[PDB]
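Q: Quick one, what's the 3D model for this:
(10 chains, ligands or ions: 15)
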Amino acid sequence: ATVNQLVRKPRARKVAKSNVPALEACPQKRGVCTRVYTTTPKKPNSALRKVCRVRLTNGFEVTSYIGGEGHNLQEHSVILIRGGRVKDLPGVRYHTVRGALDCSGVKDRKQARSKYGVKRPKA
Amino acid sequence: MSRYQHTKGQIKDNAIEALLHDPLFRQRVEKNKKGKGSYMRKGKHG
Amino acid sequence: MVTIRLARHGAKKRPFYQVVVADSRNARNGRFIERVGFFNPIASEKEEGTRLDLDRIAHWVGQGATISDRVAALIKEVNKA
Amino acid sequence: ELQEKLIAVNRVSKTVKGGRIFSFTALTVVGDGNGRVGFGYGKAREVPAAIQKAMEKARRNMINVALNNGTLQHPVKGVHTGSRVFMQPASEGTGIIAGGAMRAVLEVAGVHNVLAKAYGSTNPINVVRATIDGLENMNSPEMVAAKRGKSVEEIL
Amino acid sequence: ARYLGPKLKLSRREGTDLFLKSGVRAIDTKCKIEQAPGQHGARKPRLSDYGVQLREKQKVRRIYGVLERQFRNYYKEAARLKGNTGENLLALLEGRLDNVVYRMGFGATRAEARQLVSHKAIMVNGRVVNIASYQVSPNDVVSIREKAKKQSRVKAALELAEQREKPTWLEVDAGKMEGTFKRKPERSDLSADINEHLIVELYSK
Amino acid sequence: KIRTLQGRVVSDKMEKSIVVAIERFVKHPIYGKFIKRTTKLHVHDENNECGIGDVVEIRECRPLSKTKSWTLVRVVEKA
Amino acid sequence: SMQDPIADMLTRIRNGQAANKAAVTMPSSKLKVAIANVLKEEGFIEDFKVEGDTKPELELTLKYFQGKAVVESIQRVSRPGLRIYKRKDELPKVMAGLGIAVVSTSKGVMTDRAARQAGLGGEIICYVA
RNA sequence: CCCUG
RNA sequence: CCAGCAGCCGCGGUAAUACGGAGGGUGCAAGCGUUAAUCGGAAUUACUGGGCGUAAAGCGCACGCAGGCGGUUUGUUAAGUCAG
RNA sequence: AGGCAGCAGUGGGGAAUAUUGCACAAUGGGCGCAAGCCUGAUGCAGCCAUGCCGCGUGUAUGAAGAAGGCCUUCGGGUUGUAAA
Ligand SMILES: [Mg+2]
Ligand SMILES: [Mg+2]
Ligand SMILES: [Mg+2]
Ligand SMILES: [Mg+2]
Ligand SMILES: [Mg+2]
Ligand SMILES: [Mg+2]
Ligand SMILES: [Mg+2]
Ligand SMILES: [Mg+2]
Ligand SMILES: [Mg+2]
Ligand SMILES: [Mg+2]
Ligand SMILES: [Mg+2]
Ligand SMILES: [Mg+2]
Ligand SMILES: [Mg+2]
Ligand SMILES: [Mg+2]
Ligand SMILES: [Mg+2]
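A: Residues are numbered from 1 along each chain as shown, chains lettered A, B, ... in the order given. Ligands and ions are numbered 1, 2, ... in the order given. Below is the structure in question.
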């Protein structure tokens, strides 16, 4: 690219679009569960992964993965979601934060407690 | 305990065979330690 | 009017006064015409407490400026009244 | 006396009638730390054998270079195949600001104060070859001045 | 704000003596220095280069009792100053007040010196300073208060000081329990096992 | 002296007014190549002595019209 | 067509020097012989001469010290599509001062150090290192 | 002609 | 091959340093992780600082306006350029 | 009749952002000759680890190598001067 060509047409930058468009550059977003269910993952990993179809406060319709060891999320549950795509699940790019408004903490966890919304064991 | 989302949608003849022909009850591939699918590019701990 | 006055800078419980010609209509530490000196009320001994450019003060007061009460006092000490 | 150091050992593969033959290749750099440095690459069936491969090749290939109190004379570039390297002399106490392979080769060469950067492909083999190329075409002011026919005062 | 565990475990981790005890006995007698801490201590670690950098930086931090954010701001100031960055960093580190008390011999260890600084046992140029991170300027003169003249531990610290090696850039006396710091030390006045260019490599990563 | 500029008048077909192309030579900020830059000013020309494509000296004055703030000084050469 | 005879000079020197020619020949100009004068006084070429009246051919007779090329690297800077001008303090130190920058400044063409001593700037004609 | 993922 | 972890490569199939726990370490520390967002690494829009035979990339070929560049000498101006 | 995008605050939105505070003591403004009056500017106070910065949770001694866990080829090593 010669300098005269660059003067006539400047270099084009990458747009570099966002991975998580639903949060709209917010760290977390509150939603209500519209469908909690499970899904089989893509090859190679094979299990029954727990996801939930959520309607956010800005009207978007997303799918959010539920981590930890079992949940308590039912229909019309008010949860809080954060970014972070799950590799296996094709289409799930959000996590439910544990210890949220309705996402209760994972039972009997004494490591990664802050990640899974778990209080101190009283000892 | 969460519901499974079957990919057959509205089942009107037989849901057991429907879940068979769903990917949930699929036949699964095992990575051989040696044999045919034997080669590992990188180890578990290397 | 152009006015020699004291604008506060510094931190909490430790003021620092910049002596400055400024319009009287404007804010206390906002826009100003020209710094003419400083004032540290909390300056200890064995260092300067204040400096005033008496030449520019005389220039402005003869030019048409008014003098604030505190800076008038400080002119009295720097002329050693 | 002679400083000796491995950079990376790699496993490569033959395919035969029966199956696969796994062989290990290791490359090392040797240098006395006074600006006299070289490298050696060895292939063997097993890793310490590759190590003494790289040892004996590195000492027999090992060459000399000119240093100025622990740093280079001038900024220099080196290119070999797909790797480009750019190095500058540095002030006192800066260190070896370089990548892995470049770190190894300069800190066994005895350079102490260098800024460096690697562009292009970062294969360690090509990187160390490009670095030795940069050192060998790098030149010092005294031999430049003899090469000039003028004095060191005149050129400096 | 400080580490509150076993100093002999720390010296086991870096494999070398770090002057973290009183020194009335041998560290070999007090603990097993040559073996790594923890259950897998008999393993011989094939340390990566980043491991070497981290272990040397942590060795300096744990010898000098310096918190990591403290050490990073110290490195920033050392790069701000002119000259050899490692030399400026160790100049600041030696100019820390608690390290000055340790070198002067008013405290048995750097822990004791830092405790004395915290509990206000040190006058600096006739005005009291009770912060270990205070930088002692060259040609200053520091004192010990009468509250620690009557305290017995300073005599133990002093006799430990003359059995230990004398710093050459200090002038300390025990009769009036007083000292003078005239100049910033350099590398030959410091220890030879500190690898400062590797430290600046790690913080330039 | 008085601050005044050279230009090439290219249109005069409106009466008692000309427009002149001031041709300035500006280095590009990010590429460093010197780029020819043109600037058009409406200039009050009394008596309409200029033609198409002449070279004219102009000087900034008070606003004489909506787009006219410059007046002629002296014609440099006629075409 | 032909649009930089100075780049033609520097290229002719580079190619003849790589091919180990003793001497290289080109057409002449005042700027050309000025550059040749700079290199003769500063020590890359050993001699140069101009032959002819209406057709001046400049011939550059070169040197090799240990057999290899005296001119290690050589490059035109003030290229016609991109002109280079520097301030007083922005004269570049070519090759960390080992090489020179032929710079054309207001008192004539001179080397980088001569420009720095004189206190002038101008066109960085070429880096020769 | 084809060789379950 | 369930439960699960995951930023990437990927681990889990009855001998898991990758899951959950314990013990022991590592790193930070009144803070610690996660998410969001910008720059860097990215020489991955390359002015410094990239490329186009085969990896993406030479218009199918030519003429040509605007535009970009200009063999050589002398004199003149000093716009660019340089110095104060 | 009314216009908090003045200060504090309320409701709502949102993942989220504070007290319906004291004083003209200082700086500054308005008015006045001045005393003086007004000043939710300002000086301060209350809440929030929101960030940065500074300090604290102590100092030496202690094999009894205590237990109780962890591994075990059951010899032992580790937690461990760690603890009391
Ligand atoms: Mg690449
Ligand atoms: Mg802190
Ligand atoms: Mg108008
Ligand atoms: Mg078929
Ligand atoms: Mg198992
Ligand atoms: Mg870039
Ligand atoms: Mg490319
Ligand atoms: Mg192809
Ligand atoms: Mg192609
Ligand atoms: Mg073609
Ligand atoms: Mg020309
Ligand atoms: Mg000019
Ligand atoms: Mg309000
Ligand atoms: Mg709300
Ligand atoms: Mg009122």
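
Q: Now for the residue nearest to residue E:173 when sequence neighbours are not counted, how many residues are close by?
A: Spatial nearest neighbour of residue E:173, chain neighbours left out: residue E:179 (7.1 Å); criterion: Cβ to Cβ, 6 or more residues apart in numbering or on different chains. Backbone N, C-alpha and C define where each C-beta goes, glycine included. Residues within reach of residue E:179, counting by other Cβ atoms under 10 Å in any protein chain shown, total 22.

Q: need the contact list for the residue most central in space within chain G.
A: By Cα atoms, centre = their mean, chain G has its centre lying nearest to residue G:35, at 4.8 Å. Residues in contact with residue G:35 (Cβ atoms under 8 Å, 6 or more residues apart in numbering or on different chains) are G:6, G:9, G:102, G:109, G:125, G:126.

Q: What of residue A:117?
A: So residue A:117 contacts A:97, A:98, A:99, A:100, A:103, A:104, A:105, A:106 (Cβ under 8 Å, 6+ apart).

Q: Out of those, which is nearest to chain D?
A: residue A:97 (38.7 Å; Cβ to the nearest Cβ).

Q: my guess is the closest one meets residue A:30, correct?
A: No: using Cβ atoms under 8 Å, residue A:97 is not in contact with residue A:30; the gap is 10.3 Å.

Q: which neighbours do these two share?
A: Common neighbours of residue A:97 and residue A:30 (Cβ under 8 Å, 6+ apart) are A:79, A:80, A:81.

Q: Pull the number of nearby residues for whichever residue of chain E sits closest to chain F.
A: Nearest residue of chain E to chain F: residue E:204, at 29.6 Å (Cβ to the nearest Cβ). Neighbourhood size, residue E:204 [other Cβ under 10 Å]: 14.

Q: Am I right that it is in contact with residue D:95?
A: Yes: using Cβ under 8 Å, residue E:204 is in contact with residue D:95, at 6.8 Å.

Q: Spatially nearest residue to residue D:148, not counting backbone neighbours?
A: residue G:43 is the one closest to residue D:148 (Cβ to Cβ, 6+ apart), at 5.1 Å.

Q: Tell me, how many residues neighbour that neighbour?
A: Using other Cβ under 10 Å: residue G:43 sits among 17 other residues.

Q: Now for the closest residue to RNA strand I within chain B: which residues touch it?
A: In chain B, the residue that lies nearest RNA strand I is residue B:45 (3.2 Å; Cβ to the nearest atom of the strand). If you count contacts by Cβ under 8 Å, 6+ apart, residue B:45 has none.

Q: got it, and residue D:145?
A: D:151, D:152, D:154, D:155, D:156.

Q: Show me where chain G has its helices.
A: Remark: helices assigned in chain G by DSSP state H are G:5-18, G:30-42, G:112-118.

Q: can you list the ones you listed in TSV and add distance to RNA strand H?
A: Converted to TSV, the helices of chain G look like this (distance: least, Cβ to the nearest atom of the strand, whole Å):
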stretch	distance to RNA strand H
helix G:5-18	58
helix G:30-42	71
helix G:112-118	68
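
Q: Which one of those lies nearest to residue C:48?
A: helix G:112-118 (42.8 Å; Cβ to Cβ).

Q: quick one: terminal-to-terminal distance for stretch A:37-57?
A: Using Cα to Cα, to the nearest Å, one end of stretch A:37-57 lies 21 Å from the other.

Q: May I see the buried residues of that stretch?
A: A:37, A:38, A:39, A:40, A:41, A:49, A:50, A:51, A:52, A:54, A:56 (16 or more other Cβ atoms under 10 Å in any protein chain shown).

Q: How is chain G partitioned into domains?
A: G:5-69, G:74-128 (CATH domains of a matching chain).

Q: right, and the ones you listed - which one's nearest residue E:191?
A: domain G:74-128 (35.6 Å).

Q: For chain E, which segments count as strands?
A: Remark: strands assigned in chain E by DSSP state E are E:122-124, E:127-128, E:140-144, E:170-173, E:178-181.

Q: In a markdown table: the ones you listed, plus distance to residue F:46.
A: Shown next, in a markdown table, are the strands of chain E (distance: least, Cβ to Cβ, whole Å):
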| stretch | distance to residue F:46 |
| --- | --- |
| strand E:122-124 | 84 |
| strand E:127-128 | 83 |
| strand E:140-144 | 82 |
| strand E:170-173 | 90 |
| strand E:178-181 | 85 |
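
Q: and of those, who's closest to residue D:55?
A: That would be, of the strands of chain E and by Cβ to Cβ, strand E:170-173, which comes in at 48.2 Å.

Q: Go ahead and name everything in contact with the closest one.
A: Counting by Cβ under 8 Å, 6+ apart, E:100, E:103, E:104, E:105, E:161, E:178, E:179, E:180, E:181, E:182 sit against strand E:170-173.

Q: Break down chain B into its strands, ranges please.
A: Using DSSP E, strands in chain B do not occur.

Q: Pick out the residue closest to the middle of chain F.
A: Nearest to chain F centroid, counting by Cα atoms, centre = their mean: residue F:20, 3.3 Å.

Q: ok but that one is inside a strand, no?
A: Yes: applying DSSP: H, G, I helix; E, B strand; the rest coil, one finds residue F:20 inside a strand.

Q: Tell me which residue of chain C lies closest to chain A.
A: Taking Cβ to the nearest Cβ, chain C has residue C:12 as its residue nearest chain A, at 32.1 Å.

Q: ok, the residue of chain E closest to chain F - contacts?
A: Residue E:204 touches D:95, D:97, counting by Cβ under 8 Å, 6+ apart.

Q: returning to what we had before: which two in the buried residues of stretch A:37-57 are spaced the farthest apart?
A: A:40 and A:56 (25.5 Å).

Q: Can you say which helix or strand has the spatially closest residue to residue C:51 that is not a sequence neighbour in it?
A: The shortest distance from residue C:51 to any non-neighbouring residue, by Cβ to Cβ, 6+ apart, is to residue C:37 (5.1 Å). Secondary-structure element containing residue C:37, defined by DSSP states H and E: strand C:34-39.

Q: And for the nearest residue to residue C:64 once chain neighbours are set aside, the neighbour number?
A: Using Cβ to Cβ, 6+ apart and skipping residues adjacent in sequence, the residue nearest residue C:64 is residue C:2, 6.7 Å away. Residues contacting residue C:2 under the criterion other Cβ under 10 Å number 16.
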